[PDB]
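# Secondary and tertiary structure notes
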Amino acid sequence: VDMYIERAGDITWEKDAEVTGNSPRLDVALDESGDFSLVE
Amino acid sequence: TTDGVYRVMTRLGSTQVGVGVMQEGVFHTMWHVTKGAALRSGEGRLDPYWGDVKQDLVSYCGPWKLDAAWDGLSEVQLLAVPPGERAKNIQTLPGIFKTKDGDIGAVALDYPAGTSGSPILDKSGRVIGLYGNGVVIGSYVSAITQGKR
């Protein structure tokens, strides 16, 4: 199994981007395995 | 070696497992995308240089170079590179992961798994982190994961 990379674009801000998504505020914990979980 | 955003592919057919950022001669992606495997770039080979499972990050060819951070107020853009689709910009106001060690920006955007590693940009075009490590609230929310330079 070989893994390879292909260029897909410049890193640039686009003035005409689609805009979407919420901005939730969440209490979370980060464990040793890099996994985030919700906390109450 | 050119600066830019890249697909991370694997081989029957090919499948896109993730995305990463080339900057200053270093390739940046999420650990869970490559598990630290060497990467082919044309006839060249990219070897892992630094990685950390808890941060879910890895750099190739040199140390992590990305250091911009979300300002906590402004909208940002996910430069999403989904499998089979042209790179595209999605603008959003991040929410926040509140943790015992401080706050992390988070984006409530749910793109295919092969988009993991896609950069999140501030208004100046600087990469403030990578997309693809997060939590489910049933919508997925990704941390804005940034490394240390």
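Provided above is the structure to which this section pertains.
In short, a report on the structure.

Calculation notes
Residues numbered from 1 in each chain as written, not as in the entry; some residues may be left out. Chains lettered and ligands numbered in written order. Heavy atoms only, no water. Pairing = 2+ DSSP bridges. Helix = DSSP H or I, 4+ residues; strand = E, 2+ residues; numbered from the N terminus. Contact = heavy atoms within 4.5 Å. Buried area = accessible area lost by both parts, 1.4 Å probe. Salt bridge = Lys/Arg side-chain N within 4 Å of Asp/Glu carboxyl O. Polar contact = N/O pair within 3.5 Å; in protein donor to acceptor, adjacent residues only side chain to side chain. Nonpolar A, V, L, I, M, F, W, Y, C, P; charged D, E, K, R; others polar.

## Observations regarding the pairing of strand 6 (residues 48–52) of chain B
All names here are of chain B. When strand 6 meets strand 7 (residues 57–60), the two strands line up antiparallel, connected through four bridges. Each residue of the ladder has a partner; that of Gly51, found in strand 7, is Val58. Here strand 6 hands over to strand 7 after four residues, with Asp56 in that stretch at a positive phi of 60°.

## Looking at the interface of chain A and chain B
Taken together, the contact pairs 34 residues of chain A with 58 residues of chain B. Summed over both sides, the interface between chain A and chain B buries roughly 4,000 Å², with carbon and sulfur atoms accounting for 61% of that surface. Broken down residue by residue, the surface that chain A buries against chain B is led by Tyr4, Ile5 and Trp13 of chain A, which jointly contribute 23%. For the interface between chain A and chain B, the tally reads one salt bridge. Notably, a salt bridge pairs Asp27 of chain A with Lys98 of chain B, separated by 3.5 Å at the nearest N-O pair. If you look at where chain A meets chain B, you find 19 residue pairs in polar contact. Of all the secondary structure elements, the ones that give two or more residues to the side of chain A that touches chain B are strand 1 (3–9), strand 2 (18–19), strand 3 (25–30) and strand 4 (36–38) of chain A. Ranked by residues supplied to the side of chain A that touches chain B, first place goes to strand 1 of chain A with seven residues. When the residues that make up the side of chain A that touches chain B are grouped by side-chain class, the tally is 15 nonpolar, nine polar and ten charged. Where strand 3 of chain A meets strand 10 (residues 95–99) of chain B, three bridges bridge the pair, whose relative direction is parallel. Directly across from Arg25 of chain A, in strand 10 of chain B, lies its bridge partner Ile96 of chain B.

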